[PDB]
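>>> Got an experimental structure here, sequence first:
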Amino acid sequence: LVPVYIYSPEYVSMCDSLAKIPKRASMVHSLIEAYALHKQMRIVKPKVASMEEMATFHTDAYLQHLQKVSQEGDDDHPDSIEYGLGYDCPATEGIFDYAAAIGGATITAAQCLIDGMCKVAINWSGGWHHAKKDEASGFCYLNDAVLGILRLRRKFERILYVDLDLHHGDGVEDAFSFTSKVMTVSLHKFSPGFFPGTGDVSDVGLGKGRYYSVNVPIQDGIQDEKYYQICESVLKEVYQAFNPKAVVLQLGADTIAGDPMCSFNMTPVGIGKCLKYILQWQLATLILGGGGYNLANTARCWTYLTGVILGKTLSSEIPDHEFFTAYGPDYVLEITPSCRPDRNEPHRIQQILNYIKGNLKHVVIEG
Ligand SMILES: CC1(C)CN(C2CCCC2)C(=O)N1c1ccccc1/C=C/C(=O)NO
Ligand SMILES: [K+]
Ligand SMILES: [K+]
Ligand SMILES: [Zn+2]
């Protein structure tokens with residue numbers, strides 16, 4: 001009945017010292033607390049993932065290296081480039097403990113869902129969708145989403161992964177590209193040179209998992225109304241075809257107006273509609289964060305979305321709390337779209353939606 005909120009103060013402090021999103025975890029929790037939403041959720045301390053648990057996806061070689069690099073530094077390991085630790089992923093001290101923590105939180109959340117403790121479980125500090133079995137990528141050192149999905153698989157036969165981060169959820173897709181037991185759906189920017197380069201609509205999966213990857217390439221400047229049309233259209237077709245028994249949902253807020261990535265023009269309202277549409281399915285649902293590099297906007301978003309999970313309307317005025325000054329100059333929860341044009345031509349969108357419709361026919365007709 002009541003949603004699980006994965007949290008400890010240690011877990012947040014550990015996530016706070018992540019490069020490129022400093023003190024983001026704190027800000028997010030701090031604003032959730034300040035709207036008193038934790039009062040209406042079951043707060044669960046996350047476990048730390050054991051090596052065995054992390055080795056369910058990642059290779060022993062990779063985890064071992066990650067561990068070494070974490071204690072010392074980068075300077076006596078030029079082996080690091082082989083395991084994806086470059087400028088994109090710094091080989092900084094402590095990172096193995098951060099990984100194990102994050103992977104633990106997501107595993108814990110999936111465990112809560114197996115046990116019947118809740119229908120919804122939340123870990124906003126997760127969503128590291130780019131990490132590969134033996135390679136870090138795009139500031140993701142460990143694919144917590146994949147670990148959660150593998151945990152959920154103990155109870156739930158088919159699982160749906162939905163990735164609303166700006167970036168293509170490539171790590172997660174890759175991990176399940178050859179299976180039909182997990183369906184991956186990603187909406188993302190797809191443009192020459194834009195990371196990670198993958199996820200065109202023709203990306204459908206391989207072998208037994210052909211048609212059990214979905215990818216919606218979207219261009220700059222999309223806003224709430226159009227994104228939800230696209231999202232609801234695709235998710236309708238997926239629910240019918242795939243009939244999932246559980247859901248993992250990545251809600252990276254780097255789509256939000258005023259993000260440094262400066263690509264989509266979304267507000268949390270729009271993402272909320274997509275969230276609502278998944279929640280009405282009444283399935284076991286694991287909620288994850290991800291990207292989001294305007295930190296205040298990222299906290300506004302994920303707080304607002306916690307609201308929608310609980311069914312509460314939050315007040316426009318931002319409550320006073322530790323980080324009040326970051327919400328300047330207007331000190332409200334709502335985010336205003338930028339005045340940039342929507343580069344998504346409606347013909348090209350209709351071709352994309354139909355192509356996907358057709359791909360999902362093959363899921364039904366080959367059942
Ligand atoms: C290192 C960060 C993650 C931070 N960052 C900020 C800093 C300045 C403004 C953009 C990036 O562009 N990064 C990236 C660098 C290389 C590859 C990928 C990403 C983004 C990944 C992502 O969004 N996943 O959902
Ligand atoms: K995505
Ligand atoms: K798949
Ligand atoms: Zn992203």
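Here it is on my side, so go on. Numbers count the residues shown, from 1 in each chain. Ligands and ions are numbered 1, 2, ... in the order given.
>>> is the residue nearest to the spatial centre of the chain in a bridge, and if so with what?
Closest residue to the average C-alpha location of the chain: residue 250 at 2.4 Å, with CA atoms, centre = their mean. Beta-bridge pairing for residue 250 (DSSP bridges): residue 163, residue 288.
>>> Residue 166 is in contact with that one, correct?
No - judged on CB atoms under 8 Å, residue 250 makes no contact with residue 166 at a distance of 10.8 Å. From N, CA and C alone the C-beta is placed, and that goes for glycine too.
>>> show me the residues around the closest residue to ligand 4 within the chain that make contact.
The nearest approach of the chain to ligand 4 comes at residue 291, 2.9 Å away (CB to the ion). Shown in contact with residue 291 (CB atoms under 8 Å, 6 or more residues apart in numbering): 127, 165, 166, 167, 252, 253, 254, 261.
>>> Can you tell me, leaving aside adjacent residues, what's nearest to the first one?
Spatial nearest neighbour of residue 127, chain neighbours left out: residue 290 (3.0 Å); criterion: CB to CB, 6 or more residues apart in numbering.
>>> Give me the secondary structure label for the one you found.
Under DSSP: H, G, I helix; E, B strand; the rest coil, residue 290 falls in the coil class.
>>> Near it, how many other residues are there?
For residue 290, the tally of surrounding residues (other CB atoms under 10 Å) stands at 27.
>>> Pull up the residues of the chain that are close to ligand 2.
163, 165, 169, 186, 188 (CB under 5 Å from the ion).
>>> same thing but 6 Å
163, 164, 165, 167, 168, 169, 186, 187, 188 (CB under 6 Å from the ion).
>>> Could you report the neighbour count for the last one?
Number of residues near residue 188 (other CB under 10 Å) recorded here: 26.
>>> What is the three-state secondary structure of it?
Quick answer, by three-state DSSP: residue 188 is strand.
>>> Excluding covalently adjacent residues, which one is nearest to it?
residue 168 (4.3 Å).
>>> Near that neighbour, how many other residues are there?
29.
>>> which SS state does it fall under?
Per three-state DSSP, residue 168 ends up coil.
>>> any idea how far residue 124 is from residue 53?
To residue 124, residue 53 is 21 Å away according to CB to CB, to the nearest Å.
>>> the more surrounded of the two?
Just comparing residue 53 and residue 124: by other CB under 10 Å the higher neighbour count belongs to residue 124, 30 against 18.
>>> wait, isn't the more buried one in contact with residue 27?
No - applying CB under 8 Å as the test, residue 124 and residue 27 come out as separate, 10.4 Å apart.
>>> May I have the phi/psi pair for residue 27?
phi -50, psi -40 (degrees, to the nearest 10).
>>> Might one say that it is in contact with residue 297?
No - counting by CB under 8 Å, residue 297 is not a contact partner of residue 27; they are 10.4 Å apart.
>>> which of these two has more neighbours?
More crowded of residue 27 and residue 297, by other CB under 10 Å: residue 27, with 25 against 21.
>>> nearest residue to the more buried one other than its sequence neighbours?
residue 299 is the one closest to residue 27 (CB to CB, 6+ apart), at 4.6 Å.
>>> got the contact list for the one you found?
By CB under 8 Å, 6+ apart, the neighbours of residue 299 are 24, 27, 28, 30, 31, 323.
>>> Please state the offset of the one helix or strand it maps to from the chain centre?
For residue 299, the host element (DSSP states H and E) is helix 295-310. Taking CA atoms, centre = their mean, to the nearest Å, one finds helix 295-310 lying 14 Å from the centre of the chain it belongs to.
>>> Looking at the stretch 51-200 of the chain, which residue is nearest ligand 3?
residue 176 (4.0 Å).
>>> can you give me the helices for the protein?
9-16, 24-34, 51-54, 60-71, 95-114, 144-152, 170-175, 224-242, 268-279, 295-310, 346-365 (DSSP state H).
>>> Can I get the first one as PDB, trimmed to CA atoms?
As requested, the backbone C-alpha atoms of helix 9-16 are provided in PDB (Å, rounded to 0.1, in the frame of the first residue of the first chain):
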ATOM      1  CA  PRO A   9      22.200   9.400   6.200                       C
ATOM      2  CA  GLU A  10      25.400   7.400   5.500                       C
ATOM      3  CA  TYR A  11      24.100   6.400   2.000                       C
ATOM      4  CA  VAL A  12      23.300  10.000   1.200                       C
ATOM      5  CA  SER A  13      26.700  11.300   2.400                       C
ATOM      6  CA  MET A  14      28.400   8.600   0.300                       C
ATOM      7  CA  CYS A  15      26.300   9.700  -2.800                       C
ATOM      8  CA  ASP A  16      27.000  13.400  -2.000                       C
END
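>>> re earlier: where do the contact lists of residue 250 and residue 166 overlap?
With CB under 8 Å, 6+ apart as the test, residue 250 and residue 166 reach no residue in common.
>>> What residues does the stretch 101-250 of the chain have near ligand 1?
138, 139, 165, 166, 167, 195 (CB under 6 Å from any ligand atom).
>>> let's go with 8 Å and repeat that
127, 129, 130, 137, 138, 139, 140, 165, 166, 167, 195, 196 (CB under 8 Å from any ligand atom).
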